[PDB]
Amino acid sequence: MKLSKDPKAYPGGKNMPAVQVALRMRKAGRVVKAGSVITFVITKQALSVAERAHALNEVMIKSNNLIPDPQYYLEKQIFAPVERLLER
Amino acid sequence: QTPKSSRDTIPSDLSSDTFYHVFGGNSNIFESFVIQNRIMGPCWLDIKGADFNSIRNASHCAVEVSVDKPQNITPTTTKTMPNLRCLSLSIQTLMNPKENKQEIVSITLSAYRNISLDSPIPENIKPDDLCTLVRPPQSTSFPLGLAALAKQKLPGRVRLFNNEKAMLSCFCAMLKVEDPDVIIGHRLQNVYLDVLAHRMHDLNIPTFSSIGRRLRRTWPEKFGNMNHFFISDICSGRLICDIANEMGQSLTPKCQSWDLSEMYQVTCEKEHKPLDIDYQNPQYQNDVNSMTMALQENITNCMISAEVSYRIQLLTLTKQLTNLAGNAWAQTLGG
Amino acid sequence: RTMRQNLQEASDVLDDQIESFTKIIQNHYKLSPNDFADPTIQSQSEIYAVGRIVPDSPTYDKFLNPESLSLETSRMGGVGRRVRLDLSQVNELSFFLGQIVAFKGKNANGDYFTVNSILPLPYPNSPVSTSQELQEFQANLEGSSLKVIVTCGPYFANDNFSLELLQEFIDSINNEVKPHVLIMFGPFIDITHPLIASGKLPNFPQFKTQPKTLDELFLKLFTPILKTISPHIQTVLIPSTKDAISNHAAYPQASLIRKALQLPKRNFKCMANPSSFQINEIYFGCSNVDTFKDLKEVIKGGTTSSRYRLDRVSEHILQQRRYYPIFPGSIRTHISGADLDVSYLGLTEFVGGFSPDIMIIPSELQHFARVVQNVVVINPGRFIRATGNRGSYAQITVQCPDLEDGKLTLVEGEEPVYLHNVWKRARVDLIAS
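Residues numbered from 1 in each chain as written, not as in the entry; some residues may be left out. Chains lettered and ligands numbered in written order. Part of a larger assembly, values for the part shown. Heavy atoms only, no water. Residues with missing side-chain atoms left out of burial classes, pairs and counts.

Labelled according to the PDB entry, chain C appears under the name DNA polymerase alpha subunit B, originating from Saccharomyces cerevisiae. The title assigned to this entry in its PDB record is "Cryo-EM structure of S. cerevisiae DNA polymerase alpha-primase in Apo state conformation I".

As annotated in the PDB entry, chain A carries the name DNA polymerase and is attributed to Saccharomyces cerevisiae.

Moving on: the overall build of chain C. Looking only at helices and strands, chain C features 11 helices and 23 strands. Here the C-alpha atoms of chain C give a radius of gyration of 24 Å, agreeing with the 22 Å that 2.2 N^0.38 yields for 433 residues. (Helix = DSSP H or I, 4+ residues; strand = E, 2+ residues; numbered from the N terminus. Rg over C-alpha atoms; globule rule 2.2 N^0.38 Å.)

Another aspect to go through is the pattern of salt bridges. Opposite charge on two side chains permits them to pair, given that their charged atoms come into close proximity. The tally for this structure, following the rule as stated, stands at 29 salt bridges over all chains. Across the pair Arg199 of chain B and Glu103 of chain B runs a salt bridge whose closest N-O atoms are separated by 3.6 Å. Taken together, the residues span a long stretch of sequence, with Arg199 of chain B in helix α4 (residues 188–202) and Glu103 of chain B in strand β4 (residues 101–115) at a distance of 96 residues. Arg199 of chain B gets classed as buried once you look at its relative accessible area, which sits at 5%. In this structure, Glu46 of chain C and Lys104 of chain C form a salt bridge, with 3.8 Å as the shortest nitrogen-oxygen distance. Taken together, the residues span a long stretch of sequence, with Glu46 of chain C in the loop between α1 (7–29) and β1 (47–55) and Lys104 of chain C in strand β5 (residues 100–106) at a distance of 58 residues. Take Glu46 of chain C: its relative accessible area is 36%, and that puts it in the partly exposed class. Looking at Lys104 of chain C, the relative accessible area reads 26%, which means it is partly exposed. Members of the salt-bridge network, linked through shared partners, are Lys101, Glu103, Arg135, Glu164, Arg199 and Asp202 of chain B. (Salt bridge = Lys/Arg side-chain N within 4 Å of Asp/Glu carboxyl O. Buried < 20%, exposed > 50% of the residue type's maximum accessible area, 1.4 Å probe, protein only.)

All names here are of chain B. In this fold, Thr292 is placed in helix α8 (residues 288–311). Overall, the relative accessible area of 5% leaves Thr292 in the buried class. Non-local contacts of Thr292, meaning those with residues more than four positions away in its chain, are made with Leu146, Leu149, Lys153 and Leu154. (Contact = heavy atoms within 4.5 Å.)

All names here are of chain C. Taken as a whole and judged by the stated rule, the model has 25 aromatic pairs over all chains. Ring centres of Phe277 and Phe284 lie 5.5 Å apart, and the angle between their planes is 65 degrees; this geometry places the pair in the edge-to-face category. Across the pair, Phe284 and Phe277 agree in class, each one buried. A cation over a ring is seen here: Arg1 above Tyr344, with NZ or CZ 5.0 Å from the ring centre. Directly above the ring of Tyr308 sits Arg370, whose terminal nitrogen or CZ lies 4.1 Å from the centroid. (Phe/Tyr/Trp six-rings, centres within 6.5 Å; stacked < 30°, edge-to-face > 60°. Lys NZ or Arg CZ within 6 Å of the ring centre and 35° of its normal.)

Contacts between the two partners involve 11 residues from chain C and, on the opposite side, 10 residues from chain B. Considered class by class, the residues forming the side of chain C that touches chain B number 3 nonpolar, 7 polar and 1 charged. (Nonpolar A, V, L, I, M, F, W, Y, C, P; charged D, E, K, R; others polar.)

Residue and element names in this part refer to chain B. Taking 1.5 Å of rise per residue, 12 residues should cover 16 Å, and helix α9 (residues 314–325) covers 16 Å from first to last C-alpha, within 8% of that figure. Along α9, the positions that sit buried rather than exposed are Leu314, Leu315, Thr318, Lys319 and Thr322. Here the buried residues of α9 occupy an arc of 120 degrees about the axis, which is enough to place them on one side. In this structure, the buried residues of α9 make contact with β7 (182–185), β8 (239–242), α6 (246–251), α8 and α10 (329–334). At the C-terminal side of α9, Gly326 shows a positive phi close to 85 degrees. (Expected span 1.5 Å × (residues − 1). Arc of directions from axis to C-beta.)

All names here are of chain B. Across the interface, helix α7 (residues 260–268) lies against α8 with an axial gap of 10 Å and an inter-helix angle of 40 degrees. The orientation of α7 relative to α8 falls into the category oblique. Considering the relative orientation of α7 and α8, their crossing is left-handed. Taking contact as the criterion, the partners of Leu260, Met263, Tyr264, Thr267 and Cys268 in α7 are, on α8, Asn301, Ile304, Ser305, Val308 and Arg311. Class assignment for the residues of the contact of α7 with α8 results in 6 nonpolar, 3 polar and 1 charged. (Axes fitted to C-alpha atoms, helices over the stretch in contact; angles between N-to-C directions. Parallel < 35°, antiparallel > 145°, perpendicular 65-115°, else oblique. Left-handed = near helix turned anticlockwise from the far one by under 90°.)

What follows is the structure, encoded as structure tokens:
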């Protein structure tokens, strides 16, 4: 997800997972500005979808204890496209 | 040409007690010349009474002649044509946030000097010359080792320049010395020729006229919709063959976005993964490898544009359409 | 007209807004159409552009900022494409969603339109009158000044159905003030009234037969009371979209049917919402949607921020040449809202392109009466407050026209006409109800 603007100026950044990830890296110390491409994975633990989003490299590291959230990927990523694919 | 009031035309609704309409008052001169002498697109012309001593330092062309009356020029029946000097342009830009100005960082020029339309062009023709000019996107200096690493990795010549201005001066000089007949590129017409022309304007490039074949020492007064007319007039002499314009799009209905990689895949059945080069990134001022990869992407874009131009038969199809309609070749290519 | 909404027709109206404002700008600033180009595509020459203010994302936060706006172009201008705005080079401005604007700018890299300067839409021409008409009005007034009273709903409190304050006001206007005209805005029986909303409507001991519908409640509660208004006082009834008596809940709103309200013909006139009308020479512009509360600005610059909000909003209304320029319409979350019928936004434009001499836009905000761009803008406030305390109403007294006193300005031309100067001649009082 590409950031059109600064994450701190995004309207409703609490709903965009990419904005949450970018702000997490900002608070961590790493720099991120407009145009930066945020690669993330929705993870499993109520927390919001954006709150559970973490950067891709963080999820790869097994010792971090992070896995793709089934519900989200089975509903919004797999269920959503097929229903238009097999509508008729 | 009249001694006085040459720019004043007769309105069709001219008041008179003997006539009540006038046709042809606002005739265009090219239209009159083409209509009267029955010229049908590019063809051989027999020209009698050519004055070889009248024209002094008026063009970038090798031979300069003139005629006193258009009736001295008649079209011939020869079907063959000379080989065309084609030049492929790939332009890499940089978005300046301060003034919101689009700035040129590099050019790759690929030369095809014997492109013959009488015979099919072969697949994967190689250029007779390949050169790339670059300027530093951030500082006045490049990352160290750029010249040797470019010699060791990149095909063709690579020339380094300290700033943009000398870089476009060298571009203009190379265009003059090459003297190509057709300029090849992707989305040149309404993006990259605009960027190029206005960067030549902003940096006050004195040899800017070399993008066409006429020699002008100064820009038009109103340079600064008329922009399209001004650039098309400046470029006159070198046909602009754009593969993604309306003409190029009409020959490739099987594309959807007409991006350079998509056109490459659709027309040549080859895959190229596009790199999103952003020169605003600070890494391009100290990382030589990133700069070399960006230049390689520019170069491969240039040859991909040239190859897609040859494959879809843009030049030959536009030519034939021009001979069939009787208009100018440039109008068919860019209209 | 029925309750139909067509996306193509609404889009046609929204396009026509931009086209008409483009032609108006070209005429006012004497600019050729070749000077105007498409701002959504990259150009390296500075161009003129006209469009609508919209959020840069269709799903946008309730609060906008100067870094999150776009310009929507017309069908001919930019094939309907929307371009982000770069306003870093503009220090002073005030925008709102649905405003039509004119820009001198430059789209260099394709993703941002940089505004270098603003092209303020010119203020509409004021109405004019001939000498003969002004002398006829002079004779009509018999020397004395013109008195017009304006009241706005709600007329009874939230916890009862008492119109005792209304009866007091009617007696006052009948026997002391004695105005020429009285303009009453809705809502009369507001349908968002919590007792009406919850069905908590009690038996009324003062009615022989209880009402069975809100319409009969109006006929039994208001119409006796309104009938006591003196017949020498012509009164104007202007609805609101929340009026229960109206069967047209969309703005622009058709006028009430006077016969259905059982009000006598002698001095009762029902006018549409909005409506523009003349009282003697005076041009009235009346709209019953709270533009002042609804229009939320994005602002940069100390100069504009130091200005009163009300003057800025009134100048916006004048420039947009339409009484409710915000879009999309405001919403009350579902309970009520603007209820804009976008297909007929033509009817809410200034009639004939003239800027009304006095513009009345009632608001839930505090009552105010102000002169902005030589136009008197009046908000008389609500007649009665929620708790039942005294509200307010506005009295407009205008000096009788006189060609000799000089306060009317002659307009040069072969045919002599005179600009009304109401702001020079009108005194507006906001009186506790």
